[PDB]
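For reference, the structure is listed below as structure tokens.
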Ligand SMILES: Cc1cc2nc3c(=O)[nH]c(=O)nc-3n(C[C@H](O)[C@H](O)[C@H](O)COP(=O)(O)OP(=O)(O)OC[C@H]3O[C@@H](n4cnc5c(N)ncnc54)[C@H](O)[C@@H]3O)c2cc1C
Ligand SMILES: Cc1cc2nc3c(=O)[nH]c(=O)nc-3n(C[C@H](O)[C@H](O)[C@H](O)COP(=O)(O)OP(=O)(O)OC[C@H]3O[C@@H](n4cnc5c(N)ncnc54)[C@H](O)[C@@H]3O)c2cc1C
Ligand SMILES: Cc1cc2nc3c(=O)[nH]c(=O)nc-3n(C[C@H](O)[C@H](O)[C@H](O)COP(=O)(O)OP(=O)(O)OC[C@H]3O[C@@H](n4cnc5c(N)ncnc54)[C@H](O)[C@@H]3O)c2cc1C
Ligand SMILES: Cc1cc2nc3c(=O)[nH]c(=O)nc-3n(C[C@H](O)[C@H](O)[C@H](O)COP(=O)(O)OP(=O)(O)OC[C@H]3O[C@@H](n4cnc5c(N)ncnc54)[C@H](O)[C@@H]3O)c2cc1C
């Protein structure tokens, strides 16, 4: 269908068996939905909202136009519907494999939620992940600057950080090593560990050799005006002046609904097809091993949708021109 | 972030770029913005009137449906904004000196200058061009090629769904896409243009499927306002079709790569898009894999990052000395 699913259609759609069900309606999931809808296959996209792409203010490196994250989802959503994809505003809880097909439970609505289950021969895991954010009592203070000039991905915003006073909020001793990659863009790095883990002397000597100050105080407030951060204030009232920052605190994986198996080294392993260890499920974008960009996520959906279309097509009966 | 004119040839020819990108299409432009955004020196060289330029509607590239011209125009602007250099020229030849590449470019169509630029890395992103049916009045083919007379099944299969379709095959082997196109529409008419003999094996297979086989040459494509509605053959007869698919092969834009060596139909690459020849990457339509804009853009991201990682890891750490 070419319409969003509301309360009435659950009885119909639960009986109906989709060719593929897409979990997550972001960059990769929408691309896959558009391709699958364009291949005349039954596809349902399930999007919870407020995803990682939604908080992206400026998509800098996705040709041909610079768009916001909300514009990206809105345009791709519109496109998927236009081509015949079904879209549902819900959260995917779990999946059951019966040998053939998948059974996908979805929490509909935040409170007093319906738990409709949908059927599909294939599944596409395209739920991405969410970046960890420093924790303050007023998170609106963190939100005012996060995603603007307080960055979460080095490749996405490194260009705008060039030769600027930068603060690296590292969530672990390993995460401090991003200073030695961030320094490519700016050597004016201040490493902030938030008083969370003790730093080894090896790394302490390395930061000193490079001249990067190490501040192990907790954070209290981000200082800025009109979404442009200009400083960081610590618990004791003191502060530092920074023109930009990079959060390197790890990522949260939206892989609850995923089954077991599925080999990984922190992220699911996939073939050039984006086919995971399970033959019938494909992993897209940030969930799979590889770059975490919109370009590669969009391409992943193209790869997965085509591999699925080839398998179904090669198993379908030829459509002949029968007598009229 | 400037476009090269007459003055800048001598200066930029002396400069060693970090990478040169051959072809300013989907994949090349994506690689350009990433490299420029890695604060690396990159030069893009675009001839113009490429395959993507003739694409009228980009259907399956989120978030917006744009024309191929809009795609190149936007990506070009972006690359320039971020510091990439753009040259309007044709890449003629490439030499690997062991420590760098020298790329000669024909500048201007007539009375042309032949500046040769330098770079440590090279990205081959010149794609290919689809073969078209040959009529005396080629404007009649261009009138409909790219609108509803298609060249790529994956791109426009959706618009061909359950419509009277003509498959213009350039060879008996090419006729086999009818058995893939039938997924979208079974109302397929196979046209051989009377250029090659069809075997009875294939002749019987088309009959079993009910796909008419017409072995007459073509004379004119019938339509009005870029929407084809039929085909007229040499003998005066005609058929009515609402759409068609051209399957006559492709010519590669890989002339300048003759000197280099590049395992091959298409160039083979790793996941990085790295070719066999060290320090050169092949993107998009030149490499083995799907021929789509989405995967071409992603190819540029992979190559640009792989180059950045190699240089970054080879550069001295930038320490804070104040
Ligand atoms: C501030 C910021 C700026 C960025 N800038 C750039 C940039 O310039 N260039 C770039 O390439 N990348 C950028 N990124 C990262 C980029 O957004 C991701 O790499 C990209 O979106 C990955 O796409 P995806 O489809 O894998 O995941 P997403 O785009 O996050 O899509 C996942 C979607 O699935 C939904 N979802 C998740 N779990 C579930 C569930 N269980 N049920 C239902 N729905 C679910 C989410 O709501 C989300 O919308 C940026 C990120 C941030 C935070
Ligand atoms: C750069 C950046 C900027 C950000 N800015 C903001 C901001 O300004 N404001 C903000 O609030 N957050 C922001 N975030 C995200 C923030 O950090 C938290 O991740 C978010 O606020 C918490 O989401 P949630 O409570 O919906 O958790 P979720 O994991 O989305 O929800 C938890 C549970 O709720 C249920 N559920 C979720 N969605 C649905 C649905 N559609 N239907 C039914 N059930 C559902 C599921 O069962 C799930 O287990 C930002 C993140 C980044 C990286
Ligand atoms: C009518 C039509 C419709 C299409 N629709 C779709 C679609 O809906 N979706 C989709 O995914 N794909 C579509 N395609 C295919 C799509 O255009 C390609 O897959 C995509 O553009 C690949 O880009 P590329 O960078 O590999 O090559 P391109 O971007 O096509 O071209 C590379 C560039 O290099 C330049 N170049 C070549 N040789 C030289 C040289 N010697 N010197 C200088 N410059 C050179 C060319 O001029 C060109 O601009 C369509 C193609 C056509 C013809
Ligand atoms: C769907 C579709 C629709 C098409 N529609 C059209 C159409 O409407 N009109 C049309 O003309 N073609 C169209 N084409 C392509 C067409 O078939 C021919 O490829 C093209 O028209 C002529 O190419 P060319 O002879 O210039 O070859 P090219 O290789 O482009 O040119 C050959 C020579 O010109 C020189 N040269 C080219 N560009 C430059 C430059 N910027 N600077 C210096 N020297 C240069 C080079 O030195 C080269 O040796 C279409 C193709 C497809 C697939």
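Chains as they are written, first to last, in the deposited numbering: chain A, -2 to 5, 7 to 256, 259 to 324; chain B, -1 to 5, 7 to 260, 262 to 264, 266 to 323. By construction, the Cβ of each residue, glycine as well, lies at the ideal position given by its N, Cα and C atoms.
Secondary structure of residue i, DSSP reduced to three states
{"i": "residue 87 of chain A", "result": "strand"}
{"i": "residue 57 of chain B", "result": "coil"}
{"i": "residue 293 of chain A", "result": "coil"}
{"i": "residue 149 of chain A", "result": "strand"}
{"i": "residue 314 of chain B", "result": "helix"}
{"i": "residue 217 of chain A", "result": "strand"}
{"i": "residue 97 of chain B", "result": "coil"}
{"i": "residue 143 of chain A", "result": "helix"}
{"i": "residue 232 of chain B", "result": "strand"}
{"i": "residue 326 of chain A", "result": "The structure shown does not extend to residue 326 of chain A, since chain A is modelled only from -2 through 324, so no value can be given for it."}
{"i": "residue 103 of chain A", "result": "strand"}
{"i": "residue 247 of chain A", "result": "coil"}
{"i": "residue 135 of chain A", "result": "coil"}
Residue-chain proximity (residue i, chain A), Cβ-Cβ < 8 Å
{"i": "residue 299 of chain B", "result": "yes"}
{"i": "residue 52 of chain B", "result": "no"}
{"i": "residue 19 of chain B", "result": "no"}
{"i": "residue 313 of chain B", "result": "yes"}
{"i": "residue -1 of chain B", "result": "no"}
{"i": "residue 319 of chain B", "result": "yes"}
{"i": "residue 287 of chain B", "result": "no"}
Residue environment, residue i, which counts as buried when at least 16 other CB atoms sit within 10 Å
{"i": "residue 59 of chain A", "result": "buried"}
{"i": "residue 155 of chain B", "result": "buried"}
{"i": "residue 186 of chain B", "result": "buried"}
{"i": "residue 108 of chain A", "result": "exposed"}
{"i": "residue 120 of chain B", "result": "buried"}
{"i": "residue 10 of chain B", "result": "exposed"}
{"i": "residue 260 of chain A", "result": "exposed"}
{"i": "residue 0 of chain A", "result": "exposed"}
{"i": "residue 98 of chain A", "result": "exposed"}
{"i": "residue 15 of chain B", "result": "exposed"}
{"i": "residue 40 of chain A", "result": "buried"}
{"i": "residue 199 of chain B", "result": "exposed"}
{"i": "residue 266 of chain B", "result": "exposed"}
{"i": "residue 316 of chain B", "result": "exposed"}
Min CB distance residue i to chain B below 8 Å
{"i": "residue 208 of chain A", "result": "yes"}
{"i": "residue 139 of chain A", "result": "no"}
{"i": "residue 293 of chain A", "result": "yes"}
{"i": "residue 157 of chain A", "result": "yes"}
Interface residues of chain A facing residue i [CB-CB closer than 8 Å]
{"i": "residue 160 of chain B", "result": "38"}
{"i": "residue 296 of chain B", "result": "299, 302 and 303"}
{"i": "residue 306 of chain B", "result": "153 and 291"}
Residue i: contacting residues in chain B (beta-carbon distance under 8 Å)
{"i": "residue 183 of chain A", "result": "38"}
{"i": "residue 187 of chain A", "result": "321"}
{"i": "residue 69 of chain A", "result": "62"}
Beta-carbon neighbours of residue i, restricted to chain B and to distances below 9 Å
{"i": "residue 73 of chain A", "result": "61, 62, 63 and 64"}
{"i": "residue 258 of chain A", "result": "Along chain A, the last residue before the gap is 256 and the first after it is 259, so residue 258 of chain A carries no coordinates."}
{"i": "residue 28 of chain A", "result": "61 and 62"}
Where residue i meets chain A, residues with beta-carbon distance less than 9 Å
{"i": "residue 58 of chain B", "result": "32, 36, 77 and 81"}
With contact counted as at least three CB pairs below 8 Å, one residue from each stretch, are the segment 153 to 165 of chain A and the segment 234 to 244 of chain A in contact?
yes
Do the segment 22 to 30 of chain A and the segment 75 to 90 of chain A touch if we need at least three Cβ pairs shorter than 8 Å?
yes
Under 8 Å: do the segment 291 to 310 of chain B and the segment 286 to 296 of chain A share three or more Cβ pairs, one atom per stretch?
yes
Kindly confirm or deny that the segment 209 to 224 of chain B and the segment 132 to 150 of chain B touch, where touching means at least three C-beta pairs closer than 8 Å.
The answer is yes - the segment 132 to 150 of chain B touches the segment 209 to 224 of chain B, with three or more Cβ pairs under 8 Å.
Flag this pair as touching only if the segment 56 to 70 of chain B and the segment 32 to 49 of chain A have three or more C-beta atom pairs under 8 Å; answer yes or no.
yes
For the structure I just gave you, are there three or more beta carbon pairs, one from the segment 260 to 276 of chain A and one from the segment 98 to 117 of chain A, closer than 8 Å?
no
Can at least three beta-carbon pairs, one atom from the segment 122 to 140 of chain B and one from the segment 276 to 284 of chain B, be found at a separation below 8 Å?
Result yes; three or more Cβ-Cβ pairs closer than 8 Å.
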